[PDB]
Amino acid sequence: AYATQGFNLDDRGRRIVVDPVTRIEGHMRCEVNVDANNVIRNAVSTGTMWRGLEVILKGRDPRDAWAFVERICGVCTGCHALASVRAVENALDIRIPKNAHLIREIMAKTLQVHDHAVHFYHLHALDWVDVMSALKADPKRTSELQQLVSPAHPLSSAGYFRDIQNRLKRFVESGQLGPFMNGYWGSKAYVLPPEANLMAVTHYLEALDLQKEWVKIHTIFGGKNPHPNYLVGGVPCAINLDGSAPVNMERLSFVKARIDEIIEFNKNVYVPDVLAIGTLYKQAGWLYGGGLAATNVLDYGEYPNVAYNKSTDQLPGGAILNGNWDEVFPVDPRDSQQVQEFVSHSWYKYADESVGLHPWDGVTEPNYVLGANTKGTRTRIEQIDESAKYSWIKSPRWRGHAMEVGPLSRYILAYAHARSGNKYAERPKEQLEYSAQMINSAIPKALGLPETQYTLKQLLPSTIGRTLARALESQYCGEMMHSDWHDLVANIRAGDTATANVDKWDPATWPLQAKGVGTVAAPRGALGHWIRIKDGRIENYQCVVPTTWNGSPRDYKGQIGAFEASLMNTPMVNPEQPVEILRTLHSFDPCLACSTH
């Protein structure tokens, strides 16, 4: 047992293993210890995969890098490509034209919406929604709930819900439950009434059909989704209004139509569902899962209104420590003393493992070895030994501090910035105050529940808060790319049709040595790619990815990362059913392929 960051770790209680953690991208093992009352007193995050992209990239052409690193992840598809072209452009002093900037922003915001909405419905919802309970729902009462939760959503009739319910009934009655097989249905950890379960499952099916439409924006500008194409120096989707070309006004009109559909979905389906589910779980008292969000949050800051001008970031970033929302520290990805990665408890080796390496000096040499207190063997692990190396995920820290990253972090940072006079953060602030009023007062009043008085400071550092922030961010991203589209069309019509700067396409024009960094506010948090170029080739290429931050194992000082902290202090209804573990872990939207790369 030991104390760290206000958490009292104790591994003397009952040990529980969850492997595989499902409804995530990639591979994770989670172990916890619970006390005599089934409260989690220890949590262990193990990334159970590695591919070695950083090693594979060595000696290759920086212009090809984006395609390799894009394949780090097909869920957050393209965000690694964006980071990569930004890193190379930074190294080579390439400024991309305005249309390429706007097209990249639109692609980034499209990914945000798609990733967030699919995550909530298809990965997260079953932690909050009991599908078997939806079968018992009354269609008329479901209709009435729908109209209170979201008046503007036109799919609300009692007959529509009856049809959906009947299809689910027949599906379950077959004895082939498919993705619902061996679920935790009926657990007391589920609190929604049948009608809310039916409404949510209906929206699950709605979202499954609609999500394929949103990505057609990627298809227009990048040829395909998943894995749209990017380009060092700009975008490949050349523009010609009067021509035959990749982009004309009809293609841009198509993009606009998809954006408008996105805005309706976020406003009418996604945000209201999360507010309603959040309210009901708040009413049940399930405010667990805050972890590091209550103290330390970080993002690099993203979406500048004016290209290459960070002061205009619409999701302004920085770092907060010790829960002090009155002081945002600037974060510099170039500073060797800020972002550093330890491997003390990871399956890698450094020359000196007592220190953290800035990614320009990063090292990735695998070292799969288990501690002496492991139960089992090297190829058949029963209980992992977290006193030694226990994960394929490195341990990123900021000036030695363990930080939570993600939409929640960005929304806390936005709120902090807006309080200190930053007008670029006005919209996220408005969203948060609106959400708090809905969760505390308006939704309870509508559903006949008592009103509460939680402040944002109390409400946001929680699994509910983390889930809320993701939905709000999706909404905000949809709104922003709507404006980006207008700016793009305006620029084109003003006579600027440029999509690529090719001045430094040829390696003969490059400095013989160079380094660069590209950052992105990816769906799951702070993403950075750091590159060293030598004689036209990749000398070093290091990625520090949002789930690397969140899912990290312990550092040299024994400090815990966001996943492990979030599970602490959480009661379990049944220690053999990982409902609460999944609910909180999923609120981070873990991408394990990303985390390990």
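A residue's number is simply how far along the shown sequence it sits, counting from 1.
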Unresolved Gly323 in a third or more of other entries flanked by modelled residues: no
At least a third of the other compared entries leaving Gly301 unmodelled, is that the case? no
Residues of the deposited sequence left unbuilt between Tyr160 and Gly159: none
Given 338 to 346 and 186 to 194, the range whose Cα B-factors average higher in the PDB entry: 186 to 194
Could you settle it for me: does 412 to 420 or 460 to 468 have the higher average Cα B factor in the PDB entry? 412 to 420
Per the deposited B-factor column, the C-alpha that peaks among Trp398, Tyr121, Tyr281, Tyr308 belongs to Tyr308
Say you rank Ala257, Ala319, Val88, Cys237 by Cα B-factor from the PDB entry; which sits at the top? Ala257
Compare the C-alpha B factor of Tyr390 with those of the other modelled residues in its chain, then answer lowest, middle or highest third. lowest
Sort the modelled residues of this chain by their C-alpha B factor and say whether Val131 lands in the lowest, middle or highest third. highest
Please place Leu205 in the lowest, middle or highest third of its chain according to the CA B-factor in the PDB entry. highest
Entry-reported C-alpha B-factor of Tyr454 relative to its chain, by third, is highest
Select lowest, middle or highest to describe the third in which the CA B-factor of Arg15 falls within its chain in this entry. middle
